[PDB]
Each structure stands twice: as structure tokens, then as C-alpha cells.
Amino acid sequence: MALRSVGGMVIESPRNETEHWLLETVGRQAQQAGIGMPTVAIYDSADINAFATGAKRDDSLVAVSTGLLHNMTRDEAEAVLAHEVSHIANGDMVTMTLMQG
């Protein structure tokens, strides 16, 4: 439900540099946090947002907005994702929204 309700679109295998980077980044962070690979999705929003859940209720998931991928550098986005993966590992849902100054 966490994905469907936002119209999130799952990346099943990487087909461009952005998908490759997102999967490898989340994969490395999940590995380091001692958890299974989450489903990874992109959804449409102008906001710079990522949300993630490792709650019992949900399939494990990391979803990033198109606005995040458009506006964040890889280094910036990797920091946000690493923090959200820490919440998944805690069995929580997290959403974070940023605005650049």
C-alpha cells in the first residue's frame, strides 16, 4: 500500500545510470545496516522527498521523488538515503523533505 497510494513505480532492474546508482546505493546501505534489499521506487513530485519503511505492515521500501533525483547531487542524496535506511532497519517509516537555500 505504501507504494500504490503514491503511484510509485518500482525499479525491477537498472536500465539507466540513475537507476543503477539508486539500486547500488540502497543495496550497499541495506547490506551495511544488516537488512534485506528493500524494493526501490521512484514517484512523481516536484518536492525533494524520500520516504522509506521497514514497518512490519509494509514490504520493505525506499521511494524517492523525481524532484529529489533532479535537484540533489549523488553525494547529497546518498546521505539522505543512508539516514532513511537506518530507520528501515529500526522497523519504522520515515519521510523527509528538503528545500535548498
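The numbering used is simple: start at 1 and walk along the sequence shown.
Chemist: Comparing 51-59 with 72-80, where is the mean C-alpha B-factor higher?
Modeler: Higher of the two, by average CA B-factor, is 51-59.
Chemist: Residue 1: which third of its chain by C-alpha temperature factor?
Modeler: Answer is highest: the recorded C-alpha B-factor places it there.
Chemist: Thinking about Cα B factors across the chain, which third does residue 24 belong to?
Modeler: Middle third, going by the recorded CA B-factors of the chain.
Chemist: With respect to C-alpha B-factor, does residue 39 fall in the lowest, middle or highest third of the chain as deposited?
Modeler: Middle third - that is where residue 39 ends up once the chain's C-alpha B-factors are sorted.
Chemist: Name the third of the chain's ranked CA B-factors that contains residue 89, choosing lowest, middle or highest.
Modeler: Tercile = highest for this residue's CA B-factor.
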